[PDB]
Amino acid sequence: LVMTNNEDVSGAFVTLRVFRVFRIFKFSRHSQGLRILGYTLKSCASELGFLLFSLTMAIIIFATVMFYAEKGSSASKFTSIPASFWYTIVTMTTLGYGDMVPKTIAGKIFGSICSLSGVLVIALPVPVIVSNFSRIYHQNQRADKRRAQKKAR
Amino acid sequence: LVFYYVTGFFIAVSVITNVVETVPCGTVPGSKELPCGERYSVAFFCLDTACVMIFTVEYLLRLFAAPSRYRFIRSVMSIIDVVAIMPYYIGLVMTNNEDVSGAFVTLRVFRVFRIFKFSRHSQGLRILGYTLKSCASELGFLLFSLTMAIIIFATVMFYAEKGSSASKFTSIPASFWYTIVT
């Protein structure tokens, strides 16, 4: 309202229009699920930090290696280390869009290593996170049943 | 505490600058576009030399106080700092005067190997290393199984899809890529 399209430029309004979806979170009080997932994200806060750090340095290492391996080629779309974060987070996560693929005989080796390394690195939190999700949900389940057994009395 | 919070600073500074030295930025309206790392040659030369200095000064005082001034040299971080620094000293001994494109990146790549100094900072990297060592029996079997499975499936796909129009399966060495992708 304050800034209706009279005083507006294309590079100034979507940055707040995007936030409109942020109202979907009000569903929290409706579903025990979103709130319990938030609580178990908070309870596991120690693990996501290590996941983020490991992911970041692994991206760095493998981006440098693939960059220097596949740098000199015909139209090698690995123009930069900032241009090989995309490829490496695609590979490490086993997406594989196929827009950038190595074509050396060294780049292939390092990509094949990169994919397994990503499978390894990312599979560290997903044990504990799902374990604690189950844990908190069963805790609340026995909580509700305990209160109900109290309401028997 | 402050020594730790200030030595964690310069590993990071070198990492970030080694990252950025490749970003093509600066249109250079006079000539073609250059990587930032070389157009500002002295800017990054000073940074690299300075962080080399900091790592060396840390390394000396680290070594000097070891019970075994030798068992510290066989350490897990000894070779870390050694190979962290050395590709600079060879960058001095072999400055671009005596250099060929196929001889210098093979040591320039090692520059990222200094990122491992973050080990003593985070319990995570060290514990992950210790559990890689504790599971050393399983990675061997994984490597062997992967290698023979690649062999088998590469041969099978090779002989199946060999005869086709532009069948890019020209070789068993040409069907390791496809099979480790799949």
# chains A, B, ... in the order shown; residues from 1 in each chain; ligands from 1
call {"tool": "interface_residues", "arguments": {"of": "chain B", "to": "chain A", "cutoff": "12 Å", "atoms": "only C-alpha atoms", "output": "ChimeraX atom specification"}}
result
/B:12,15-25,34-37,101-102,104-119,121-128,132,139,142-143,146,150,173-182
call {"tool": "write_last_selection", "arguments": {"atoms": "C-alpha atoms", "output": "PDB file, in the first residue's frame"}}
result
ATOM      1  CA  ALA B  12      40.178 -18.844   5.820  1.00  0.00           C
ATOM      2  CA  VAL B  15      40.984 -20.245   1.143  1.00  0.00           C
ATOM      3  CA  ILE B  16      38.697 -17.394   0.126  1.00  0.00           C
ATOM      4  CA  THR B  17      41.349 -15.692  -1.967  1.00  0.00           C
ATOM      5  CA  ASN B  18      42.360 -18.940  -3.672  1.00  0.00           C
ATOM      6  CA  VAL B  19      38.689 -19.309  -4.534  1.00  0.00           C
ATOM      7  CA  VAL B  20      38.278 -15.789  -5.880  1.00  0.00           C
ATOM      8  CA  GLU B  21      41.530 -15.603  -7.889  1.00  0.00           C
ATOM      9  CA  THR B  22      39.687 -17.276 -10.773  1.00  0.00           C
ATOM     10  CA  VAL B  23      36.537 -15.116 -10.992  1.00  0.00           C
ATOM     11  CA  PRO B  24      36.537 -13.298 -14.339  1.00  0.00           C
ATOM     12  CA  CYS B  25      35.710  -9.740 -13.261  1.00  0.00           C
ATOM     13  CA  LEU B  34      41.215 -11.509 -17.182  1.00  0.00           C
ATOM     14  CA  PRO B  35      40.788 -13.481 -13.972  1.00  0.00           C
ATOM     15  CA  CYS B  36      40.872 -11.142 -10.996  1.00  0.00           C
ATOM     16  CA  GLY B  37      43.767 -13.152  -9.588  1.00  0.00           C
ATOM     17  CA  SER B 101      51.533 -24.834 -18.902  1.00  0.00           C
ATOM     18  CA  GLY B 102      51.809 -28.569 -18.226  1.00  0.00           C
ATOM     19  CA  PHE B 104      52.592 -25.721 -12.639  1.00  0.00           C
ATOM     20  CA  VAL B 105      48.915 -26.468 -11.940  1.00  0.00           C
ATOM     21  CA  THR B 106      50.037 -29.894 -10.738  1.00  0.00           C
ATOM     22  CA  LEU B 107      51.373 -28.054  -7.691  1.00  0.00           C
ATOM     23  CA  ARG B 108      48.980 -25.107  -7.761  1.00  0.00           C
ATOM     24  CA  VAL B 109      46.124 -27.530  -7.073  1.00  0.00           C
ATOM     25  CA  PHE B 110      47.669 -28.437  -3.730  1.00  0.00           C
ATOM     26  CA  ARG B 111      46.934 -24.924  -2.471  1.00  0.00           C
ATOM     27  CA  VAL B 112      43.502 -26.045  -1.244  1.00  0.00           C
ATOM     28  CA  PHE B 113      45.255 -28.682   0.858  1.00  0.00           C
ATOM     29  CA  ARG B 114      45.700 -26.007   3.498  1.00  0.00           C
ATOM     30  CA  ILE B 115      41.978 -26.040   4.236  1.00  0.00           C
ATOM     31  CA  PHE B 116      42.569 -29.136   6.358  1.00  0.00           C
ATOM     32  CA  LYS B 117      44.174 -26.985   9.051  1.00  0.00           C
ATOM     33  CA  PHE B 118      40.606 -26.408  10.223  1.00  0.00           C
ATOM     34  CA  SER B 119      40.945 -29.854  11.811  1.00  0.00           C
ATOM     35  CA  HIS B 121      39.312 -26.069  15.157  1.00  0.00           C
ATOM     36  CA  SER B 122      36.390 -28.486  14.750  1.00  0.00           C
ATOM     37  CA  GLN B 123      36.027 -31.752  16.624  1.00  0.00           C
ATOM     38  CA  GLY B 124      33.993 -32.889  13.636  1.00  0.00           C
ATOM     39  CA  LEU B 125      36.704 -33.253  11.024  1.00  0.00           C
ATOM     40  CA  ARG B 126      39.018 -35.035  13.414  1.00  0.00           C
ATOM     41  CA  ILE B 127      36.338 -37.441  14.610  1.00  0.00           C
ATOM     42  CA  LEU B 128      35.372 -38.136  11.003  1.00  0.00           C
ATOM     43  CA  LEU B 132      37.421 -43.376   8.642  1.00  0.00           C
ATOM     44  CA  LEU B 139      36.263 -49.243   2.481  1.00  0.00           C
ATOM     45  CA  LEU B 142      33.709 -51.337  -1.029  1.00  0.00           C
ATOM     46  CA  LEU B 143      36.489 -50.332  -3.415  1.00  0.00           C
ATOM     47  CA  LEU B 146      32.831 -51.249  -6.946  1.00  0.00           C
ATOM     48  CA  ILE B 150      32.193 -51.547 -12.919  1.00  0.00           C
ATOM     49  CA  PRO B 173      37.515 -47.548 -20.930  1.00  0.00           C
ATOM     50  CA  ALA B 174      34.625 -45.661 -22.510  1.00  0.00           C
ATOM     51  CA  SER B 175      32.031 -47.501 -20.419  1.00  0.00           C
ATOM     52  CA  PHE B 176      33.495 -46.949 -17.006  1.00  0.00           C
ATOM     53  CA  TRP B 177      32.112 -43.418 -17.111  1.00  0.00           C
ATOM     54  CA  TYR B 178      28.589 -44.548 -17.926  1.00  0.00           C
ATOM     55  CA  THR B 179      28.622 -47.318 -15.377  1.00  0.00           C
ATOM     56  CA  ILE B 180      29.882 -45.277 -12.462  1.00  0.00           C
ATOM     57  CA  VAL B 181      27.291 -42.664 -13.403  1.00  0.00           C
ATOM     58  CA  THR B 182      24.487 -45.217 -13.425  1.00  0.00           C
TER      59      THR B 182
END
call {"tool": "closest_residue", "arguments": {"among": "B:84, B:99, B:70, B:33", "to": "residue 48 of chain B", "atoms": "only C-alpha atoms"}}
result
B:84
call {"tool": "atom_distance", "arguments": {"atom1": "atom CA of residue 120 of chain A", "atom2": "atom CA of residue 55 of chain A"}}
result
10.5 Å
call {"tool": "select_by_dssp", "arguments": {"residues": "segment 17-89 of chain B", "states": "alpha helix (DSSP H)", "output": "ChimeraX atom specification"}}
result
/B:17-20,36-39,41-64,78-89
call {"tool": "residues_around", "arguments": {"residues": "residue 75 of chain B", "least_positions_apart": "6", "cutoff": "12 Å", "atoms": "only C-alpha atoms", "output": "PyMOL selection string"}}
result
chain B and resi 62-63+66+68-69+81-82
call {"tool": "atom_distance", "arguments": {"atom1": "atom CA of residue 171 of chain B", "atom2": "atom CA of residue 158 of chain B"}}
result
6.7 Å
call {"tool": "residues_around", "arguments": {"residues": "segment 32-41 of chain A", "least_positions_apart": "3", "cutoff": "12 Å", "atoms": "only C-alpha atoms", "output": "mmCIF file with C-alpha atoms, in the first residue's frame"}}
result
data_model
loop_
_atom_site.group_PDB
_atom_site.id
_atom_site.type_symbol
_atom_site.label_atom_id
_atom_site.label_comp_id
_atom_site.auth_asym_id
_atom_site.auth_seq_id
_atom_site.Cartn_x
_atom_site.Cartn_y
_atom_site.Cartn_z
ATOM 1 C CA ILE A 24 1.920 -20.669 4.981
ATOM 2 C CA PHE A 25 3.758 -21.347 8.237
ATOM 3 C CA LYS A 26 0.638 -20.401 10.194
ATOM 4 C CA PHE A 27 -0.403 -24.006 9.598
ATOM 5 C CA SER A 28 1.983 -24.798 12.460
ATOM 6 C CA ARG A 29 -0.580 -24.725 15.268
ATOM 7 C CA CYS A 44 19.771 -31.413 16.407
ATOM 8 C CA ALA A 45 21.288 -27.963 15.940
ATOM 9 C CA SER A 46 24.774 -29.316 16.612
ATOM 10 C CA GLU A 47 24.711 -31.644 13.593
ATOM 11 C CA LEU A 48 23.493 -29.252 10.904
ATOM 12 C CA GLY A 49 26.436 -26.982 11.632
ATOM 13 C CA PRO A 125 22.876 -36.021 9.629
ATOM 14 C CA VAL A 126 20.016 -38.036 8.134
ATOM 15 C CA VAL A 128 20.318 -38.529 13.727
ATOM 16 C CA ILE A 129 17.662 -36.201 12.335
ATOM 17 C CA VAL A 130 15.191 -38.949 11.524
ATOM 18 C CA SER A 131 16.063 -40.747 14.757
ATOM 19 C CA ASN A 132 15.215 -37.678 16.813
ATOM 20 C CA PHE A 133 12.069 -37.009 14.795
ATOM 21 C CA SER A 134 10.842 -40.501 15.631
ATOM 22 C CA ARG A 135 12.076 -39.983 19.181
ATOM 23 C CA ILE A 136 10.167 -36.774 19.844
ATOM 24 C CA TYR A 137 7.044 -38.078 18.151
ATOM 25 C CA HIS A 138 6.973 -41.240 20.244
ATOM 26 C CA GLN A 139 7.733 -39.160 23.329
ATOM 27 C CA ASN A 140 4.704 -36.967 22.663
ATOM 28 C CA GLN A 141 2.665 -40.078 21.889
#
call {"tool": "atom_distance", "arguments": {"atom1": "atom CA of residue 89 of chain A", "atom2": "atom CA of residue 114 of chain A"}}
result
9.5 Å
call {"tool": "closest_residue", "arguments": {"among": "B:60, B:65, B:136, B:51", "to": "residue 85 of chain B", "atoms": "only C-alpha atoms"}}
result
B:51
call {"tool": "decode", "arguments": {"residues": "segment 87-124 of chain B", "atoms": "N, CA, C and O atoms", "output": "PDB file, in the first residue's frame"}}
result
ATOM      1  N   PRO B  87      54.098 -25.656  -2.029  1.00  0.00           N
ATOM      2  CA  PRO B  87      53.755 -25.155  -3.367  1.00  0.00           C
ATOM      3  C   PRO B  87      53.830 -23.646  -3.499  1.00  0.00           C
ATOM      4  O   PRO B  87      53.551 -23.106  -4.574  1.00  0.00           O
ATOM      5  N   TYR B  88      54.193 -22.948  -2.427  1.00  0.00           N
ATOM      6  CA  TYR B  88      54.599 -21.564  -2.604  1.00  0.00           C
ATOM      7  C   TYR B  88      56.098 -21.434  -2.814  1.00  0.00           C
ATOM      8  O   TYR B  88      56.547 -20.626  -3.636  1.00  0.00           O
ATOM      9  N   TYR B  89      56.891 -22.183  -2.052  1.00  0.00           N
ATOM     10  CA  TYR B  89      58.336 -22.087  -2.203  1.00  0.00           C
ATOM     11  C   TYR B  89      58.765 -22.533  -3.588  1.00  0.00           C
ATOM     12  O   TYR B  89      59.682 -21.952  -4.178  1.00  0.00           O
ATOM     13  N   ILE B  90      58.094 -23.545  -4.140  1.00  0.00           N
ATOM     14  CA  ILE B  90      58.404 -23.905  -5.516  1.00  0.00           C
ATOM     15  C   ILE B  90      57.853 -22.867  -6.485  1.00  0.00           C
ATOM     16  O   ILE B  90      58.344 -22.751  -7.614  1.00  0.00           O
ATOM     17  N   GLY B  91      56.863 -22.083  -6.066  1.00  0.00           N
ATOM     18  CA  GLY B  91      56.348 -21.009  -6.892  1.00  0.00           C
ATOM     19  C   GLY B  91      57.320 -19.853  -6.955  1.00  0.00           C
ATOM     20  O   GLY B  91      57.303 -19.047  -7.888  1.00  0.00           O
ATOM     21  N   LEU B  92      58.157 -19.756  -5.927  1.00  0.00           N
ATOM     22  CA  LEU B  92      59.282 -18.826  -5.973  1.00  0.00           C
ATOM     23  C   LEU B  92      60.455 -19.372  -6.770  1.00  0.00           C
ATOM     24  O   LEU B  92      60.969 -18.680  -7.656  1.00  0.00           O
ATOM     25  N   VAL B  93      60.897 -20.595  -6.463  1.00  0.00           N
ATOM     26  CA  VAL B  93      62.062 -21.160  -7.139  1.00  0.00           C
ATOM     27  C   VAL B  93      61.825 -21.223  -8.640  1.00  0.00           C
ATOM     28  O   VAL B  93      62.736 -20.988  -9.443  1.00  0.00           O
ATOM     29  N   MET B  94      60.594 -21.521  -9.043  1.00  0.00           N
ATOM     30  CA  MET B  94      60.238 -21.757 -10.437  1.00  0.00           C
ATOM     31  C   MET B  94      59.240 -20.732 -10.953  1.00  0.00           C
ATOM     32  O   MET B  94      58.242 -21.092 -11.579  1.00  0.00           O
ATOM     33  N   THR B  95      59.470 -19.451 -10.675  1.00  0.00           N
ATOM     34  CA  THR B  95      58.606 -18.380 -11.158  1.00  0.00           C
ATOM     35  C   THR B  95      58.471 -18.485 -12.677  1.00  0.00           C
ATOM     36  O   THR B  95      59.300 -19.129 -13.326  1.00  0.00           O
ATOM     37  N   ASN B  96      57.443 -17.858 -13.255  1.00  0.00           N
ATOM     38  CA  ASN B  96      56.980 -18.126 -14.616  1.00  0.00           C
ATOM     39  C   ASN B  96      58.049 -18.016 -15.701  1.00  0.00           C
ATOM     40  O   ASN B  96      57.784 -18.356 -16.859  1.00  0.00           O
ATOM     41  N   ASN B  97      59.247 -17.536 -15.353  1.00  0.00           N
ATOM     42  CA  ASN B  97      60.340 -17.512 -16.324  1.00  0.00           C
ATOM     43  C   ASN B  97      60.640 -18.912 -16.851  1.00  0.00           C
ATOM     44  O   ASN B  97      60.677 -19.131 -18.069  1.00  0.00           O
ATOM     45  N   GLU B  98      60.844 -19.873 -15.953  1.00  0.00           N
ATOM     46  CA  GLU B  98      61.072 -21.274 -16.301  1.00  0.00           C
ATOM     47  C   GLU B  98      59.800 -22.035 -15.945  1.00  0.00           C
ATOM     48  O   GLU B  98      59.669 -22.579 -14.847  1.00  0.00           O
ATOM     49  N   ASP B  99      58.861 -22.079 -16.887  1.00  0.00           N
ATOM     50  CA  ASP B  99      57.564 -22.685 -16.633  1.00  0.00           C
ATOM     51  C   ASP B  99      56.885 -23.015 -17.955  1.00  0.00           C
ATOM     52  O   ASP B  99      57.043 -22.300 -18.948  1.00  0.00           O
ATOM     53  N   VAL B 100      56.136 -24.115 -17.950  1.00  0.00           N
ATOM     54  CA  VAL B 100      55.328 -24.546 -19.083  1.00  0.00           C
ATOM     55  C   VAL B 100      53.954 -24.931 -18.554  1.00  0.00           C
ATOM     56  O   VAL B 100      53.835 -25.461 -17.444  1.00  0.00           O
ATOM     57  N   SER B 101      52.914 -24.659 -19.352  1.00  0.00           N
ATOM     58  CA  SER B 101      51.533 -24.834 -18.902  1.00  0.00           C
ATOM     59  C   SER B 101      51.278 -26.205 -18.291  1.00  0.00           C
ATOM     60  O   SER B 101      50.410 -26.345 -17.423  1.00  0.00           O
ATOM     61  N   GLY B 102      52.016 -27.225 -18.725  1.00  0.00           N
ATOM     62  CA  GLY B 102      51.809 -28.569 -18.226  1.00  0.00           C
ATOM     63  C   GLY B 102      52.692 -28.935 -17.052  1.00  0.00           C
ATOM     64  O   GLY B 102      53.011 -30.112 -16.854  1.00  0.00           O
ATOM     65  N   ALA B 103      53.098 -27.943 -16.260  1.00  0.00           N
ATOM     66  CA  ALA B 103      53.998 -28.221 -15.152  1.00  0.00           C
ATOM     67  C   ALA B 103      53.673 -27.507 -13.851  1.00  0.00           C
ATOM     68  O   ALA B 103      54.275 -27.853 -12.831  1.00  0.00           O
ATOM     69  N   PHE B 104      52.768 -26.541 -13.828  1.00  0.00           N
ATOM     70  CA  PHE B 104      52.592 -25.721 -12.639  1.00  0.00           C
ATOM     71  C   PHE B 104      51.272 -25.935 -11.915  1.00  0.00           C
ATOM     72  O   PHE B 104      51.249 -25.857 -10.685  1.00  0.00           O
ATOM     73  N   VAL B 105      50.175 -26.205 -12.627  1.00  0.00           N
ATOM     74  CA  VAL B 105      48.915 -26.468 -11.940  1.00  0.00           C
ATOM     75  C   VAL B 105      49.019 -27.728 -11.102  1.00  0.00           C
ATOM     76  O   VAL B 105      48.338 -27.859 -10.081  1.00  0.00           O
ATOM     77  N   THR B 106      49.892 -28.657 -11.494  1.00  0.00           N
ATOM     78  CA  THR B 106      50.037 -29.894 -10.738  1.00  0.00           C
ATOM     79  C   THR B 106      50.500 -29.635  -9.317  1.00  0.00           C
ATOM     80  O   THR B 106      50.363 -30.507  -8.457  1.00  0.00           O
ATOM     81  N   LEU B 107      51.067 -28.460  -9.054  1.00  0.00           N
ATOM     82  CA  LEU B 107      51.373 -28.054  -7.691  1.00  0.00           C
ATOM     83  C   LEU B 107      50.491 -26.917  -7.214  1.00  0.00           C
ATOM     84  O   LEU B 107      50.320 -26.743  -6.003  1.00  0.00           O
ATOM     85  N   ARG B 108      49.919 -26.152  -8.143  1.00  0.00           N
ATOM     86  CA  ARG B 108      48.980 -25.107  -7.761  1.00  0.00           C
ATOM     87  C   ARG B 108      47.726 -25.695  -7.140  1.00  0.00           C
ATOM     88  O   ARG B 108      47.130 -25.084  -6.245  1.00  0.00           O
ATOM     89  N   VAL B 109      47.324 -26.881  -7.592  1.00  0.00           N
ATOM     90  CA  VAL B 109      46.124 -27.530  -7.073  1.00  0.00           C
ATOM     91  C   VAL B 109      46.256 -27.755  -5.576  1.00  0.00           C
ATOM     92  O   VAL B 109      45.301 -27.581  -4.813  1.00  0.00           O
ATOM     93  N   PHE B 110      47.456 -28.117  -5.132  1.00  0.00           N
ATOM     94  CA  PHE B 110      47.669 -28.437  -3.730  1.00  0.00           C
ATOM     95  C   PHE B 110      47.322 -27.288  -2.802  1.00  0.00           C
ATOM     96  O   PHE B 110      47.211 -27.499  -1.592  1.00  0.00           O
ATOM     97  N   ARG B 111      47.152 -26.076  -3.334  1.00  0.00           N
ATOM     98  CA  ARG B 111      46.934 -24.924  -2.471  1.00  0.00           C
ATOM     99  C   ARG B 111      45.722 -25.112  -1.570  1.00  0.00           C
ATOM    100  O   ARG B 111      45.742 -24.687  -0.411  1.00  0.00           O
ATOM    101  N   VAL B 112      44.673 -25.770  -2.069  1.00  0.00           N
ATOM    102  CA  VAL B 112      43.502 -26.045  -1.244  1.00  0.00           C
ATOM    103  C   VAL B 112      43.813 -27.004  -0.112  1.00  0.00           C
ATOM    104  O   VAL B 112      43.001 -27.147   0.807  1.00  0.00           O
ATOM    105  N   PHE B 113      44.960 -27.673  -0.148  1.00  0.00           N
ATOM    106  CA  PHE B 113      45.255 -28.682   0.858  1.00  0.00           C
ATOM    107  C   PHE B 113      45.515 -28.030   2.204  1.00  0.00           C
ATOM    108  O   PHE B 113      45.683 -28.718   3.212  1.00  0.00           O
ATOM    109  N   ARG B 114      45.551 -26.702   2.233  1.00  0.00           N
ATOM    110  CA  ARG B 114      45.700 -26.007   3.498  1.00  0.00           C
ATOM    111  C   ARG B 114      44.384 -25.864   4.234  1.00  0.00           C
ATOM    112  O   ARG B 114      44.383 -25.501   5.412  1.00  0.00           O
ATOM    113  N   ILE B 115      43.264 -26.149   3.572  1.00  0.00           N
ATOM    114  CA  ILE B 115      41.978 -26.040   4.236  1.00  0.00           C
ATOM    115  C   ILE B 115      41.862 -27.048   5.364  1.00  0.00           C
ATOM    116  O   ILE B 115      41.070 -26.854   6.290  1.00  0.00           O
ATOM    117  N   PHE B 116      42.660 -28.115   5.328  1.00  0.00           N
ATOM    118  CA  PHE B 116      42.569 -29.136   6.358  1.00  0.00           C
ATOM    119  C   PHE B 116      43.051 -28.645   7.708  1.00  0.00           C
ATOM    120  O   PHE B 116      42.780 -29.307   8.714  1.00  0.00           O
ATOM    121  N   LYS B 117      43.741 -27.506   7.763  1.00  0.00           N
ATOM    122  CA  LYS B 117      44.174 -26.985   9.051  1.00  0.00           C
ATOM    123  C   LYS B 117      42.998 -26.691   9.962  1.00  0.00           C
ATOM    124  O   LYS B 117      43.174 -26.622  11.180  1.00  0.00           O
ATOM    125  N   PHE B 118      41.797 -26.554   9.404  1.00  0.00           N
ATOM    126  CA  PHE B 118      40.606 -26.408  10.223  1.00  0.00           C
ATOM    127  C   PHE B 118      40.377 -27.596  11.145  1.00  0.00           C
ATOM    128  O   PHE B 118      39.439 -27.562  11.949  1.00  0.00           O
ATOM    129  N   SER B 119      41.192 -28.645  11.038  1.00  0.00           N
ATOM    130  CA  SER B 119      40.945 -29.854  11.811  1.00  0.00           C
ATOM    131  C   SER B 119      40.928 -29.564  13.304  1.00  0.00           C
ATOM    132  O   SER B 119      39.956 -29.886  13.991  1.00  0.00           O
ATOM    133  N   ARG B 120      41.983 -28.938  13.821  1.00  0.00           N
ATOM    134  CA  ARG B 120      42.060 -28.695  15.258  1.00  0.00           C
ATOM    135  C   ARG B 120      40.974 -27.739  15.720  1.00  0.00           C
ATOM    136  O   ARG B 120      40.665 -27.685  16.914  1.00  0.00           O
ATOM    137  N   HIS B 121      40.393 -26.976  14.797  1.00  0.00           N
ATOM    138  CA  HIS B 121      39.312 -26.069  15.157  1.00  0.00           C
ATOM    139  C   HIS B 121      38.041 -26.839  15.490  1.00  0.00           C
ATOM    140  O   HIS B 121      37.424 -26.610  16.536  1.00  0.00           O
ATOM    141  N   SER B 122      37.648 -27.764  14.620  1.00  0.00           N
ATOM    142  CA  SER B 122      36.390 -28.486  14.750  1.00  0.00           C
ATOM    143  C   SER B 122      36.640 -29.923  15.177  1.00  0.00           C
ATOM    144  O   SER B 122      37.410 -30.638  14.533  1.00  0.00           O
ATOM    145  N   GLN B 123      35.961 -30.350  16.239  1.00  0.00           N
ATOM    146  CA  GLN B 123      36.027 -31.752  16.624  1.00  0.00           C
ATOM    147  C   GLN B 123      35.471 -32.647  15.527  1.00  0.00           C
ATOM    148  O   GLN B 123      35.794 -33.840  15.467  1.00  0.00           O
ATOM    149  N   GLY B 124      34.655 -32.081  14.642  1.00  0.00           N
ATOM    150  CA  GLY B 124      33.993 -32.889  13.636  1.00  0.00           C
ATOM    151  C   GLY B 124      34.949 -33.504  12.633  1.00  0.00           C
ATOM    152  O   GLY B 124      34.890 -34.705  12.372  1.00  0.00           O
TER     153      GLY B 124
END
